[PDB]
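File shown here: input.csv, holding CSV, C-alpha atoms.
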chain,number,residue,atom,x,y,z
X,1,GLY,CA,15.9,-11.9,21.9
X,2,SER,CA,17.8,-11.8,18.5
X,3,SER,CA,20.9,-9.6,17.9
X,4,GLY,CA,23.0,-10.0,14.8
X,5,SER,CA,21.2,-11.9,12.1
X,6,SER,CA,22.6,-12.3,8.5
X,7,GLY,CA,21.1,-14.2,5.6
X,8,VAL,CA,17.9,-14.4,3.6
X,9,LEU,CA,14.5,-13.3,5.0
X,10,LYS,CA,12.2,-15.0,2.5
X,11,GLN,CA,12.5,-17.7,-0.2
X,12,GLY,CA,10.2,-19.4,-2.6
X,13,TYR,CA,9.3,-20.2,-6.2
X,14,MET,CA,8.1,-17.1,-8.0
X,15,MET,CA,7.3,-16.3,-11.7
X,16,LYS,CA,9.5,-13.5,-13.0
X,17,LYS,CA,8.6,-11.6,-16.2
X,18,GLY,CA,11.4,-11.7,-18.7
X,19,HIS,CA,11.4,-8.2,-20.1
X,20,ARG,CA,12.9,-9.8,-23.2
X,21,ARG,CA,9.8,-11.8,-24.0
X,22,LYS,CA,6.2,-11.4,-22.6
X,23,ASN,CA,6.2,-14.8,-20.8
X,24,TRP,CA,6.4,-16.2,-17.3
X,25,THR,CA,9.0,-18.7,-16.0
X,26,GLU,CA,9.2,-20.2,-12.5
X,27,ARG,CA,12.4,-19.0,-10.7
X,28,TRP,CA,13.8,-19.1,-7.2
X,29,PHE,CA,13.9,-15.8,-5.2
X,30,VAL,CA,16.0,-14.8,-2.2
X,31,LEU,CA,14.5,-11.8,-0.4
X,32,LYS,CA,17.5,-10.3,1.5
X,33,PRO,CA,17.5,-7.8,4.3
X,34,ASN,CA,19.3,-5.2,2.1
X,35,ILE,CA,18.7,-6.7,-1.3
X,36,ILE,CA,16.8,-9.2,-3.4
X,37,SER,CA,18.4,-11.9,-5.6
X,38,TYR,CA,16.8,-14.5,-7.8
X,39,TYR,CA,18.4,-17.8,-8.8
X,40,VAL,CA,17.1,-20.2,-11.5
X,41,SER,CA,16.3,-22.7,-8.8
X,42,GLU,CA,16.4,-23.1,-5.0
X,43,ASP,CA,20.0,-24.2,-5.2
X,44,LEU,CA,21.7,-20.7,-5.3
X,45,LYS,CA,24.3,-21.9,-7.8
X,46,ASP,CA,23.4,-19.9,-11.0
X,47,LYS,CA,22.6,-16.3,-10.0
X,48,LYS,CA,20.6,-14.2,-12.4
X,49,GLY,CA,20.7,-10.8,-10.8
X,50,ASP,CA,20.4,-8.6,-7.7
X,51,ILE,CA,17.9,-5.9,-6.8
X,52,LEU,CA,19.7,-3.3,-4.7
X,53,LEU,CA,17.1,-2.5,-2.1
X,54,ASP,CA,16.8,1.1,-0.8
X,55,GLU,CA,14.3,3.7,0.5
X,56,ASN,CA,13.9,4.7,-3.1
X,57,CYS,CA,13.0,1.2,-4.3
X,58,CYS,CA,9.5,0.1,-3.5
X,59,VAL,CA,6.8,-2.5,-4.4
X,60,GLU,CA,3.3,-1.9,-5.9
X,61,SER,CA,0.3,-4.1,-6.6
X,62,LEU,CA,-0.6,-4.7,-10.3
X,63,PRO,CA,-4.0,-5.5,-11.8
X,64,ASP,CA,-5.1,-8.6,-13.6
X,65,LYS,CA,-3.5,-9.2,-17.0
X,66,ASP,CA,-2.6,-12.0,-19.4
X,67,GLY,CA,-5.0,-14.1,-17.3
X,68,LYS,CA,-3.0,-13.6,-14.1
X,69,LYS,CA,-3.9,-13.0,-10.5
X,70,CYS,CA,-2.3,-11.3,-7.5
X,71,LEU,CA,0.4,-9.6,-9.7
X,72,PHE,CA,3.0,-7.3,-8.4
X,73,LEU,CA,6.0,-5.3,-9.5
X,74,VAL,CA,9.0,-3.5,-8.0
X,75,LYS,CA,10.0,0.0,-9.0
X,76,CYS,CA,13.6,1.1,-8.4
X,77,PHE,CA,15.7,4.1,-9.2
X,78,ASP,CA,16.0,3.2,-12.9
X,79,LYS,CA,15.8,-0.6,-12.8
X,80,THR,CA,12.6,-2.5,-12.6
X,81,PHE,CA,11.5,-6.0,-11.6
X,82,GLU,CA,8.1,-7.6,-12.5
X,83,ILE,CA,7.2,-10.7,-10.5
X,84,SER,CA,4.0,-12.8,-10.4
X,85,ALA,CA,2.6,-14.6,-7.3
X,86,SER,CA,0.7,-17.8,-7.1
X,87,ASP,CA,-1.9,-17.0,-4.5
X,88,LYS,CA,-2.9,-14.0,-2.3
X,89,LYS,CA,-0.8,-15.5,0.6
X,90,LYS,CA,2.5,-15.3,-1.4
X,91,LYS,CA,1.7,-12.1,-3.2
X,92,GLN,CA,1.0,-10.3,0.0
X,93,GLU,CA,3.3,-12.1,2.3
X,94,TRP,CA,6.0,-11.1,-0.2
X,95,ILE,CA,5.1,-7.4,-0.9
X,96,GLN,CA,4.7,-7.0,2.8
X,97,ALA,CA,8.2,-8.3,3.6
X,98,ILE,CA,9.8,-6.5,0.6
X,99,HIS,CA,8.2,-3.2,1.7
X,100,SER,CA,9.2,-3.6,5.3
X,101,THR,CA,12.7,-4.7,4.3
X,102,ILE,CA,13.2,-1.3,2.6
X,103,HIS,CA,11.7,0.8,5.4
X,104,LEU,CA,14.6,-0.5,7.6
X,105,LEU,CA,17.0,1.2,5.2
X,106,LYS,CA,15.0,4.4,5.5
X,107,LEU,CA,15.8,4.7,9.2
X,108,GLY,CA,19.5,5.1,8.5
X,109,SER,CA,19.9,7.2,5.4
X,110,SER,CA,23.3,8.8,4.7
X,111,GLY,CA,23.8,11.6,2.1
X,112,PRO,CA,26.2,10.5,-0.6
X,113,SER,CA,29.0,12.8,-1.7
X,114,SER,CA,28.3,14.0,-5.2
X,115,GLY,CA,30.4,16.1,-7.5
Please express what this file holds, its structure, as structure tokens.
Amino acid sequence: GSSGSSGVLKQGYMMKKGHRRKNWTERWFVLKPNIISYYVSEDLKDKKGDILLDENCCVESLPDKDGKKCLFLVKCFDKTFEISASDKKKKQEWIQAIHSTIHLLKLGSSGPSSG
């Protein structure tokens, strides 16, 4: 079958919510197997940020607001990421992939040395 795959799992144009201002702006997204980056466009030249995926991090479905449909947001340790989908296909197809992507990390969880 397939053994040893590195790269992005999902990619498409999504609308990210700029915490700074209550507005939506189309932006490229790169759903990684162990992370989630988002570039201004589908060029991957000007990175904006990275969402360290982990058992802790998860995705949830949001209601309808500001005249939006199929909204969703990701809740991480302390950081957050609010994204908006176009149709039910993307919204789901995304949340599903994101959720699963994390589960994989749950399988192998190592206890970090604190103190």
Record the distance separating atom CA of residue 112 of chain X and atom CA of residue 77 of chain X, expressed in Å with one decimal.
->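 Going from atom CA of residue 112 of chain X over to atom CA of residue 77 of chain X covers 15.0 Å.
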Between atom CA of residue 30 of chain X and atom CA of residue 10 of chain X lies a distance of 6.0 Å
Hey, which of X:34, X:86, X:3, X:56 ends up closest to residue 16 of chain X? Count all atoms listed in the file.
->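 Residue with the minimum atom-to-atom distance to residue 16 of chain X: X:86.
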Neighbours of residue 31 of chain X within 10 Å (all atoms listed in the file; same-chain residues fewer than 5 positions away dropped), as a VMD selection string?
-> chain X and resid 7 to 12 36 to 38 50 to 51 53 94 97 to 98 101
Which distance in Å separates atom CA of residue 105 of chain X and atom CA of residue 58 of chain X, to one decimal?
-> 11.5 Å
Counting all atoms listed in the file, the option among X:102, X:13, X:32, X:113 closest to residue 76 of chain X =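 Among the listed residues, the smallest separation from residue 76 of chain X belongs to X:102.
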Nearest to residue 82 of chain X by atom-to-atom distance, counting only C-alpha atoms, from X:54, X:106, X:48, X:62 |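 Ranked by minimum distance to residue 82 of chain X, first place goes to X:62.
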Residues near residue 47 of chain X, cut-off 10 Å, all atoms listed in the file, skip fewer than 4 positions along chain, as a PyMOL selection string = chain X and resi 28-29+37-41+43
Residues near residue 18 of chain X, cut-off 12 Å, all atoms listed in the file, skip fewer than 6 positions along chain, as JSON, numbers by chain | {"X": [24, 25, 26, 27, 48, 80, 81, 82, 83, 84]}
Identify which of the residues X:107, X:22, X:15, X:49 lies closest to residue 69 of chain X, counting all atoms listed in the file when measuring atom-to-atom distances.
-> X:15
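Proximity ranking of X:60, X:115, X:21, X:2 relative to residue 92 of chain X places X:60 first, based on only C-alpha atoms.
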